[PDB]
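Taking it in order: structure first as structure tokens, then the write-up.
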Amino acid sequence: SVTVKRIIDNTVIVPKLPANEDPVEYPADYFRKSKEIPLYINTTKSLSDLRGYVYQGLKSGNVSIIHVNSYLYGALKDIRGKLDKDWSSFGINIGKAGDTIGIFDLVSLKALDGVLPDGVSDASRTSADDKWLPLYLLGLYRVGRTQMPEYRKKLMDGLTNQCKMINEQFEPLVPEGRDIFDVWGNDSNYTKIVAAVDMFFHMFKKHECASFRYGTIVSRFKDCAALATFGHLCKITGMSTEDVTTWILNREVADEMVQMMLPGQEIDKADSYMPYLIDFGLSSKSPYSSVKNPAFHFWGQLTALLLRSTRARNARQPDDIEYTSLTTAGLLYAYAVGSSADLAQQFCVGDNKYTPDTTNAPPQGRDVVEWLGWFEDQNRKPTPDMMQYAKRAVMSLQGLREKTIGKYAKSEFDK
Amino acid sequence: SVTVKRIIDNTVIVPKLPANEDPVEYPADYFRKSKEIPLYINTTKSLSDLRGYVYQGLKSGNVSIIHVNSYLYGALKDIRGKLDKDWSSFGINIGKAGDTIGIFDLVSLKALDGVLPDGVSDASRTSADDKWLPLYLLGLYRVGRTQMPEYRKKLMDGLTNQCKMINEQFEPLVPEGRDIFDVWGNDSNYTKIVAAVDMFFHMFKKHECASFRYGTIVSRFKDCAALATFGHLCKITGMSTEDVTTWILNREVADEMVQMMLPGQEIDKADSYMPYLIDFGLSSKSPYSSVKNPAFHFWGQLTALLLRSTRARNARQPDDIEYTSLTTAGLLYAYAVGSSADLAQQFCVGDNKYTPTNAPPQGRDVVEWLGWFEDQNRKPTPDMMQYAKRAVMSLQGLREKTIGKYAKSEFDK
Amino acid sequence: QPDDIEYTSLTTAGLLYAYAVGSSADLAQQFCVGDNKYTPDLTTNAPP
């Protein structure tokens with residue numbers, strides 16, 4: 001496929017397309033250059049004054065992100081954390097034996113010197129600090145991650161969660177639409193703070209202030225949707241990771257799987273930095289995102305949907321992928337899973353069932369080789385029975401949004 | 001077919017139709033004439049006064065493009081640019097080793113004479129230079145490239161991104177209708193500035209000020225849609241560029257492909273001047289546009305649509321092309337792709353599967369499918385028609401003069 | 001639609017022309033990798 005020639009005059013043409021770099025960056029290949037994650041907390045002046053600063057700035061206005069970062073660092077300086085065993089990730093050792101480490105046992109440094117109001121603000125606020133205020137500041141990130149009218153349904157939960165022995169009220173009053181607090185999303189240090197909180201309370205689940213997670217939790221495995229869909233597919237098919245891996249039937253999905261399964265990334269590790277590669281600034285292009293795993297994402301989510309997944313209903317449909325081939329492959333996989341029920345006796349009273357007791361018929365189990373041979377014998381085209389199965393699977397799905405794989409599947413198999 | 005004669009009296013008639021000039025202009029044949037791109041910045045006096053100039057001009061319905069160009073030049077003095085390797089394009093050497101080159105290392109010159117207001121304007125605004133003002137000025141360019149109520153859905157991008165670490169808000173006067181900032185597109189120097197910024201930050205993605213892309217990115221590969229559709233077709237079929245090339249079945253599509261694939265244009269190079277041939281004034285008629293490649297555009301987008309493409313739904317339908325022949329070719333191609341699934345085992349546990357009348361061929365080879373089409377007396381089968389039917393039916397709200405509307409009207413009846 | 005012309009005759013002629021063009025697609029391989037399509041090959045009533 002090197003030389004292509006126009007035949008009418010016997011000339012050579014060179015087909016070529018614009019380049020696309022934007023390469024993925026692995027978390028492991030980041031600590032190989034630097035050994036620390038810099039968290040720049042600019043103004044470390046007066047913890048009590050920052051409380052009033054942020055309180056008055058949030059009540060309608062433009063509250064500085066530097067102020068809230070300094071306040072969060074000051075208020076979340078609880079060095080509470082008895083280590084159960086050892087804690088090490090990507091070579092960086094953050095804990096041994098029974099250490100009493102804290103949330104900010106990650107690198108901290110000092111930036112700039114610029115501040116706004118100068119000095120002691122309003123000594124109007126009382127303690128009540130580490131009780132709710134940080135929870136609010138961190139939940140605004142979770143509220144900022146969206147854009148549809150879910151924001152006013154997700155900010156209600158927030159105000160209801162700050163009543164844990166506190167019971168206060170609200171603060172700002174202007175709609176979202178990415179204008180007010182959404183600037184915090186693009187701040188490296190703010191996202192670093194949220195990721196540190198989430199990781200710390202992921203280790204110390206039984207800690208009093210683990211409630212702070214319900215708002216920072218959207219940071220864990222951020223831009224790692226493809227990995228979550230792989231796990232979801234394993235759960236939905238009930239097959240092992242190795243069998244599901246063997247059921248990949250398209251070259252590009254195999255490429256994306258190999259890319260996601262790079263061996264030295266600690267993706268299966270319990271408490272690692274990997275889930276926060278984006279917010280900690282470890283990577284600029286997530287290798288586990290759905291944007292970098294389009295074929296795999298589409299294939300897996302479609303297969304899951306054919307197996308009655310409720311998450312797949314609203315999954316986005318990527319662009320620039322082999323729709324026809326991916327859909328036929330997923331159809332074969334889903335039909336194989338949905339025709340070969342597991343079904344085996346588990347308990348008995350001394351009375352067990354042993355299972356050793358027409359032509360165009362689907363293979364016995366869930367083996368890739370037999371089903372591939374059966375598809376070969378089926379002129380490489382889906383049978384009426386699998387097509388009717390897909391129809392039964394997609395029909396009676398109400399209210400599907402546009403550009404989702406659910407609408408795609410219903411339009412494809414329900415006519 | 002040289003001589004044609006009326007047979008009733010044996011006289012010679014010479015059929016001829018009006019000419020069509022507008023030949024394509026390649027980026028290479030621009031550096032074949034000149035070796036530089038001149039960026040004319042007329043006035044070079046007072047950066048702070050330009051700051052106040054642009055603010056006061058923006059709060060009202062009047063502001064000179066020359067003033068905003070000069071302000072952009074002054075405020076975008078980012079000479080920050082540690083070169084990783086070398087940077088050379090179309091013979092022009094723009095960087096070697098580890099040089100710290102800048103944005104305007106694309107030649108600058110000084111223009112004419114006229115300026116508007118008096119020296120010191122309003123000294124009200126300060127330190128608003130390298131934070132947001134250029135971002136706003138540059139995003140207004142992408143906002144002007146439109147005519148339907150997409151602009152008021154596109155200005156949200158501006159106010160929402162100019163509030164990021166800056167936090168500003170409203171400022172325009174009249175909504176749209178080709179009146180306010182949509183004129184800036186017609187200034188050669190402004191478009192040159194936008195293209196230079198986009199190219200610079202396409203090289204230096206990890207730069208402090210990469211956000212400036214949110215308005216100039218619409219300049220990259222401007223009027224190069226046909227290349228994008230070729231790439232999209234490769235992505236949708238999963239085929240190589242060579243196989244997709246081999247599936248071209250019409251003379252005019254082959255001509256347009258040959259024209260688009262001219263070898264010395266650096267179209268596949270990472271950081272070239274080619275993607276900005278229009279805004280840099282390298283070409284006045286892009287050889288990679290869809291208007292100059294109508295047949296190819298129609299064929300590729302139609303095939304993509306039959307292959308479940310979501311963007312192809314809204315592709316414009318060109319005029320003055322062989323609709324019927326192109327449609328038969330696209331139908332054959334899409335039917336080949338959609339009936340012959342890839343499907344091959346990728347992983348194993350030491351246990352692999354070896355895979356070796358008037359029925360569709362086995363694979364995706366052009367020769368076999370053409371032979372099968374010959375065996376079908378060159379007309380699409382009922383099964384191919386039903387495939388197209390299933391593909392086009394259940395298509396919602398498609399606008400007029402798009403290839404989606406054409407395909408649904410053609411195959412759903 | 002002009003007036004004072006042979007609507008029936010002109011329409012039958014145009015129908016024949018358009019049907020000929022639209023039923024006989026051009027369709028011929030243009031590029032290859034050394035592998036071209038050889039076109040060798042209803043004899044009674046059937047469109048040419």
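Naming scheme: A, B, ... for chains in displayed order of the structure tokens; residues 1 onward per chain; ligands 1 onward as shown.
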
Which residues of chain A come within 6 Å of chain B, and for each one, what is the closest pair of atoms and their distance in Å to one decimal, counting only C-alpha atoms, sorted by chain and residue number, as a Markdown table?
```
| residue | atom | partner | partner_atom | distance |
| --- | --- | --- | --- | --- |
| A:15 | CA | B:241 | CA | 5.5 |
| A:17 | CA | B:268 | CA | 5.5 |
| A:18 | CA | B:268 | CA | 4.3 |
| A:19 | CA | B:268 | CA | 5.3 |
| A:178 | CA | B:160 | CA | 5.8 |
| A:179 | CA | B:160 | CA | 5.4 |
| A:183 | CA | B:164 | CA | 4.7 |
| A:246 | CA | B:347 | CA | 4.5 |
| A:249 | CA | B:343 | CA | 4.9 |
| A:250 | CA | B:343 | CA | 5.8 |
| A:320 | CA | B:235 | CA | 5.0 |
| A:321 | CA | B:236 | CA | 4.9 |
| A:322 | CA | B:236 | CA | 4.6 |
| A:324 | CA | B:338 | CA | 5.3 |
| A:325 | CA | B:341 | CA | 4.8 |
| A:369 | CA | B:353 | CA | 5.5 |
```

Just to be explicit: take each residue in the selection above, keep C-alpha atoms, and write the result as an mmCIF file, in the first residue's frame.
```cif
data_model
loop_
_atom_site.group_PDB
_atom_site.id
_atom_site.type_symbol
_atom_site.label_atom_id
_atom_site.label_comp_id
_atom_site.auth_asym_id
_atom_site.auth_seq_id
_atom_site.Cartn_x
_atom_site.Cartn_y
_atom_site.Cartn_z
ATOM 1 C CA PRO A 15 -2.674 10.070 -0.769
ATOM 2 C CA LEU A 17 -4.070 13.622 5.254
ATOM 3 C CA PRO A 18 -3.296 16.393 7.754
ATOM 4 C CA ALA A 19 -1.337 15.299 10.799
ATOM 5 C CA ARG A 178 -19.861 28.921 33.309
ATOM 6 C CA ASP A 179 -19.416 32.522 34.488
ATOM 7 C CA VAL A 183 -13.183 29.781 36.487
ATOM 8 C CA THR A 246 -10.235 -11.740 23.568
ATOM 9 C CA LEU A 249 -12.718 -7.857 16.982
ATOM 10 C CA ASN A 250 -11.566 -4.567 15.411
ATOM 11 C CA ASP A 320 -14.703 9.603 13.164
ATOM 12 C CA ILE A 321 -15.042 5.868 13.843
ATOM 13 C CA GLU A 322 -16.064 2.738 11.923
ATOM 14 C CA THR A 324 -20.800 -0.145 10.606
ATOM 15 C CA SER A 325 -17.946 -2.494 11.523
ATOM 16 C CA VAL A 369 -13.240 -18.931 18.092
#
```

Mind the document's chain letters and residue numbers, and return as a PyMOL selection string the residues of segment 180-259 of chain B that DSSP labels helix (DSSP H, G or I).
chain B and resi 184-186+188-203+210-219+225-237+241-246+251-259

List as a VMD selection string the protein and nucleic acid residues near segment 381-383 of chain B, meaning an atom at most 12 Å away when only C-alpha atoms are counted, but skip any in the same chain fewer than 2 places from it.
chain B and resid 328 331 to 332 335 to 336 339 358 to 360 372 to 379 385 to 390 411

Per residue of chain B within 6 Å of chain C, what are the shortest atom pair and its distance in Å to one decimal, counting only C-alpha atoms, with rows by chain and residue number, as JSON lines?
```
{"residue": "B:246", "atom": "CA", "partner": "C:31", "partner_atom": "CA", "distance": 4.6}
{"residue": "B:249", "atom": "CA", "partner": "C:29", "partner_atom": "CA", "distance": 4.9}
{"residue": "B:250", "atom": "CA", "partner": "C:27", "partner_atom": "CA", "distance": 5.8}
{"residue": "B:324", "atom": "CA", "partner": "C:22", "partner_atom": "CA", "distance": 5.6}
{"residue": "B:325", "atom": "CA", "partner": "C:25", "partner_atom": "CA", "distance": 4.9}
{"residue": "B:367", "atom": "CA", "partner": "C:37", "partner_atom": "CA", "distance": 4.7}
```

Of the candidates C:43, C:17, C:2, C:34, which shows the shortest atom-to-atom distance to chain A, using only C-alpha atoms?
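With only C-alpha atoms as the atom set, the closest residue is C:34.
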
Segment 28-36 of chain B: which residues within 9 Å, counting only C-alpha atoms, same-chain residues fewer than 3 positions away excluded, as an MDAnalysis selection string?
chainID B and resid 25 90:92 106:107 264:266 274 282:283

How would the residues just picked look written out with C-alpha atoms as a JSON list (two decimals), in the first residue's frame?
```json
[["chain", "number", "residue", "atom", "x", "y", "z"],
["B", 25, "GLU", "CA", -3.40, 28.84, -6.25],
["B", 90, "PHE", "CA", 8.18, 25.92, 2.36],
["B", 91, "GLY", "CA", 11.90, 26.67, 2.33],
["B", 92, "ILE", "CA", 11.48, 29.43, 4.91],
["B", 106, "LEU", "CA", 6.73, 36.09, 10.18],
["B", 107, "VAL", "CA", 7.91, 39.49, 8.86],
["B", 264, "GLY", "CA", 4.96, 19.76, -2.90],
["B", 265, "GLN", "CA", 2.42, 21.33, -0.54],
["B", 266, "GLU", "CA", 3.37, 20.07, 2.96],
["B", 274, "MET", "CA", -0.39, 25.51, 4.38],
["B", 282, "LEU", "CA", -0.92, 32.78, 0.39],
["B", 283, "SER", "CA", -3.82, 31.89, -1.92]]
```

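Pairwise distance (atom CA of residue 108 of chain B, atom CA of residue 272 of chain B) equals 18.8 Å.
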
Interatomic distance between atom CA of residue 8 of chain A and atom CA of residue 2 of chain B?
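These two atoms are separated by 20.5 Å.
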
Coordinates-based distance that separates atom CA of residue 332 of chain A from atom CA of residue 386 of chain A (Å, one decimal)
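Going from atom CA of residue 386 of chain A over to atom CA of residue 332 of chain A, I get 7.8 Å.
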